[PDB]
Amino acid sequence: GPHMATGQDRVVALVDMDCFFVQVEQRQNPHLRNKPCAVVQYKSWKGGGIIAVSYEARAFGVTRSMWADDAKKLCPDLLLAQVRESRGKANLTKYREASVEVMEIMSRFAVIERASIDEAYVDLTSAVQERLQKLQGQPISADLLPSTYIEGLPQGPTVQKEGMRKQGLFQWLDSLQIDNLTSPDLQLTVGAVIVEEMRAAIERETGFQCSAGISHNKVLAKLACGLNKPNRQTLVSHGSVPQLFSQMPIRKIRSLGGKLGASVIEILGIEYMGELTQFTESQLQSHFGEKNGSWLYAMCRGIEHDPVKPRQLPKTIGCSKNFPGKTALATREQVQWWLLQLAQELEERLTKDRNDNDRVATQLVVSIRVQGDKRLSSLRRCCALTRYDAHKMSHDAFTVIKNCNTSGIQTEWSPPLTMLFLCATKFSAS
DNA sequence: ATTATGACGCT
DNA sequence: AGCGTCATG
Ligand SMILES: [Mg+2]
Ligand SMILES: [Mg+2]
Ligand SMILES: [Mg+2]
């Protein structure tokens, strides 16, 4: 009762750019705006692989991981933008730079954790305290929340989507106790006001729209963000969790979309995240381990403690290329030429990183895949990264992987390589 | 023949 | 250290 902590101590947002690479290309080329359009990598094989899709194109069933030729079957007027190619490979610099634009705006409002190229967690607890002290018991106007959904509302005693949104927001705001500076629901609401401001700033200053979730922890904020896309934000209160989770497939919660989630479903004979509440913490630990079990026990009650890490920059800088089927690398000359191309992109990005961010990577990780192995990586070997020099990096990479050549001949490479990956890691300030 | 990343856990 | 899992622009 009075001692059961409810995980309502923080205000956490998750901001996710809508169809991010598409928006980057639509900003650059206005002919693509407000059209079904997608971004593809490469072009020769089945038209290129789609990696981002505008919401107009999603209405036709176009999805990521679809070949552009197949997408064109669903969407004959689909417009396509291609990722830049440099040194024979896809080069994502434009999108990384656009991401930095967005991350720097977000960082004006609060500490952020860069969770991916297009999404960041925001710890708003402090900012909310500040804004609450400035409001001085002033109620919160619905006008301050023009794109906010309150998950679970309206309920009880309305034909159009915006009307529903406003009905729910009105129910929520009329129930609020703005006299209480420590009300978690009030804190979430002020958090949503700040996120409206953040999203307005991002769109004003970059052109890019985003969606966002506001809740008490990262998992709920991420879940919330997905509920109303695009260009909307969703507040998931602690009180909304039982109904929300009662029909939520386990695979929708971040980290449960893979093998672990499938085992939770199969071992416990459940489907929805709310069904987890009927197990003791010890039961969950016995099936899924101490860490997972404790996490599941709290998470199915809406409680999670994982902090928003203060980290706006990537921890690693990597370059990767697949060589599928017939294009696999079967000669030493091939392997060395591509190691060099990857190393040259890596050197460029590393030198820029050192200039922008006052750090140097100290470890080079070399990963390969060989023909036949169904794993992402067949082999991972690290070595010292002591100078930002592509020729040295490519030579060292060849050094750590050359023993994998089964071929008795010096010039041939067997089994041929279907993937090369160079990753710079272990940064130190400089 | 989706690809190209990136974070983090396990042992 | 090297491997595996999860996410998925
Ligand atoms: Mg996104
Ligand atoms: Mg994202
Ligand atoms: Mg996505």
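Excluded from the calculations below are hydrogen atoms, water molecules and symmetry mates; all remaining heavy atoms, backbone and side chain alike, are included. Here is how names work: the chains are called A, B, and so on, in the same order as the sequence lines, proteins then strands, and each is numbered from 1.
When heavy atoms are screened at a 4.0 angstrom cut-off, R251(A) is found touching no nucleic acid atom at all. Residue-level contact check: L260(A) touches the backbone only, with heavy atoms under 4.0 Å from sugar-phosphate atoms and none from bases.
At a threshold of 4.0 Å, the pair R27(A)-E101(A) counts as salt-bridged, since one of the basic side-chain nitrogens sits closer than that to a carboxylate oxygen. Using a 4.0 Å cut-off between charged side-chain N and carboxylate O, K43(A) and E85(A) make no salt bridge.
Comparing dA1(B), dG2(C), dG9(C) by their nearest atom to the side chain of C382(A) picks out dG2(C). Here the side chain of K315(A) is nearest to one of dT5(B), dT8(C), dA7(B), namely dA7(B). For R349(A), counting side-chain heavy atoms from C-beta on, the closest listed nucleotide (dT8(C), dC3(C), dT5(B)) is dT5(B).
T411(A) and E333(A) share no side-chain donor-acceptor pair at under 3.5 Å. Counting only N and O atoms by type, the side chains of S107(A) and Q312(A) include a donor and acceptor under 3.5 Å apart.
Counting atom types as modelled, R380(A) pairs a side-chain N or O with a base atom of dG4(C) as donor and acceptor under 3.5 Å.
Each of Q209(A), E196(A), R232(A) was evaluated against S147(A); a single residue qualifies, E196(A), per the side chain to side chain donor-acceptor pair (under 3.5 Å) test.
At the phosphate of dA4(B), neither OP1 nor OP2 sits under 4.0 Å from any side-chain N or O atom of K89(A). Listed pair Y95(A) / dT5(B) fails the phosphate criterion, with no side-chain N or O lying under 4.0 Å from OP1 or OP2. At least one side-chain nitrogen or oxygen of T316(A) sits closer than 4.0 Å to the OP1 or OP2 atom of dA7(B). Side-chain N/O atoms of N322(A) include one lying less than 4.0 angstrom from OP1 or OP2 on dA4(B). OP1 and OP2 of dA7(B) both lie 4.0 Å or more from every side-chain N or O belonging to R114(A).
Proximity of residues 48-57 of chain A to DNA chain C (heavy atom under 4.0 angstrom from any strand atom) is restricted to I51(A), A52(A).
Using a 30° and 60° split on the angle between ring planes, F20(A) and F208(A) fall in the perpendicular class, above 60°.
For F21(A) and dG9(C), the ring-to-base geometry does not satisfy the stacking test (centroid distance below 5.5 Å, interplanar angle below 30°).
Residues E348(A) and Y388(A) fail the side-chain proximity criterion, which asks for heavy atoms closer than 4.5 Å.
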